[PDB]
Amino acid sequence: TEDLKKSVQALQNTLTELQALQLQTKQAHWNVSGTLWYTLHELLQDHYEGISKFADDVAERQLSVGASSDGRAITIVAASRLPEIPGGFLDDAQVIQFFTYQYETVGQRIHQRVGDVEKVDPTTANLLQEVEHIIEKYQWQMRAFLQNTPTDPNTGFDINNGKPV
């Protein structure tokens, strides 16, 4: 059960982070504003859908290894380790900055969990690799808005009132 504990911990911690991202992507989807609001509205709906699918797969995997899955709102608030997204109307450049950082740090933690459970539970490890893959992709998709090129640093001045993001 010291092996089982490892898997359960890794899965539970991943479920909570995805659920936090679920709620944040949807909040941003509705509240985003500015030049890129519609672009981000659509992109975040796609992210919401991929995150939602993996939140299901994670919980199902917990049940599959014989553990109860804790997907409750209180647990999402409690088992934070991650900033809440601001309320109110959200600027496009603020959404981009927010998820660039959130996806990067969630991807990092899943990366570590993969190594922690590979030896005891390669099937769980394998699911977590798939989650890490989608989260790093979503990180790229947010990163790309401000990605430096030979011809243009893309500082975001145009989407952030003349100021670099």
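Sequential numbering from 1, following the sequence displayed.
Asker: What stretch has the higher average Cα B-factor here, 74 to 82 or 87 to 95?
Answerer: Per the PDB record, 74 to 82.
Asker: So, looking at the entry's B-factor column for Cα atoms, which has the higher mean, 103 to 111 or 25 to 33?
Answerer: Going by the record's values, the stretch with the higher mean is 103 to 111.
Asker: Going by the entry, which of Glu42, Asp121, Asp56, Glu132 has the most elevated CA B factor?
Answerer: Max CA B-factor in the entry, restricted to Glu42, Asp121, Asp56, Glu132: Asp121.
Asker: Lowest, middle or highest third: where is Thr16 by Cα B-factor in its chain?
Answerer: Ranked within chain, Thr16 CA B lands in the lowest tercile.
Asker: Could you tell me which third, lowest, middle or highest, the C-alpha B-factor of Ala67 occupies within its chain?
Answerer: Within its chain, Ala67 is a middle-third residue by C-alpha B-factor, going by the deposited values.
Asker: By the record's CA B-factor, is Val117 among the lowest, middle or highest third of residues in the chain?
Answerer: Within its chain, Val117 is a highest-third residue by C-alpha B-factor, going by the deposited values.
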